[PDB]
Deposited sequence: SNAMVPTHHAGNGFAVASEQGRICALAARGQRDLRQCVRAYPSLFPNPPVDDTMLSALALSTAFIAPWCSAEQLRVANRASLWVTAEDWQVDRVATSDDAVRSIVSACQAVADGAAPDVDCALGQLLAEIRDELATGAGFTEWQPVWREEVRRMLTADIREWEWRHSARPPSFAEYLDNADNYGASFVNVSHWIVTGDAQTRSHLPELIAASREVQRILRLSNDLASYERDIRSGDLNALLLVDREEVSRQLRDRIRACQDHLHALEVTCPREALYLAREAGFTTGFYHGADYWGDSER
């Protein structure tokens, strides 16, 4: 216990710190496509909320989840990420009628199915850009239905959240089943489409199941520290169950997802490690101990 603790730690610290410095350099390289993206569509990203610190947090999350990736290879994942936020802020706020939310949802689903976006809709044109980036960068064929279905799940979950917001509240379990609106699996599938190979497509079903698991862990981790922020009038998991239940839930789900990823990295080592780093970085950054 005492002499059993290692007695030299500098060597290792340098190594780890050097990897961390390289990853922050990678994240800094990742920010220029974020600025360009925002540039082209300032209609979607207001500066008041979206400062360079927001883009930097997003870029560091992206780089640390998949540190083996080029900044170019992380361009899809970043922009998709951006888009999710953009999408949320035109349903979380800019929408007012039960009508606009549905029309935004139908428009983005139509764009995700290859149709052109209308001239006025910046969200649709950013998604068209992401779709074309996938089309020319996809590492395997027949990626379209998978990505289309991820878009569909996300939009469906988002309007179910809208409905609950404006309605006389779901149970904790229904709320957790609606995590697709968090957008993590949309981003993960968009990333795997450009960074994966045919064997990645081979294993896509199991990978998406594990991604939904990670996404539930992410929703709980997020709300656990978003309580006062939404306290916004938005939904949050502490209103369904108190902090002891959500905390123990996050703990158990983390252990279970790690067992599943431990089994899965035999079939898919890169993608399972990517999911583990996603869950890891996000829970750690959210907690902030």
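Several segments of the deposited sequence are absent from the coordinates, namely 169, 233, 292 to 299.
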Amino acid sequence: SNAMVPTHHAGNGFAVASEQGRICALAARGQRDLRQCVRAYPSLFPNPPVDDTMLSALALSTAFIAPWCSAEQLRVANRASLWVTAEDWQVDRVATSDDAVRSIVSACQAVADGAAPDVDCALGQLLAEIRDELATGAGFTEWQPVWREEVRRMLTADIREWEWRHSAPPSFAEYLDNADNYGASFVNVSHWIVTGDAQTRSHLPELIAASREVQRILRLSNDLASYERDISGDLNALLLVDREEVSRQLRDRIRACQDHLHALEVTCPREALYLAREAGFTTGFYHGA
From here on, numbers count along this sequence of modelled residues.
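Stretch comparison (235 to 243 versus 53 to 61) by mean CA B-factor in the PDB entry places 235 to 243 on top. Looking at 64 to 72 and 245 to 253 together, the entry lists the larger mean B-factor for 245 to 253, computed on C-alpha atoms. For the set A179, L82, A138, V119, the PDB entry assigns the largest Cα B-factor to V119.
When the C-alpha B factors of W192, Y175, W164, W147 are read from the deposited coordinates, the top value falls at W164.
Split the chain's modelled residues into thirds by C-alpha temperature factor. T267 is in the highest one.
When the modelled residues of the chain are ordered by C-alpha B-factor, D88 sits in the highest third.
Among all modelled residues in its chain, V101 ranks in the highest third by Cα B-factor.
Annotation for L207: CA B-factor lies in the lowest third of the chain's modelled residues.
For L26, the recorded CA B-factor ranks within the lowest third of the chain. Only modelled residues enter the ranking.
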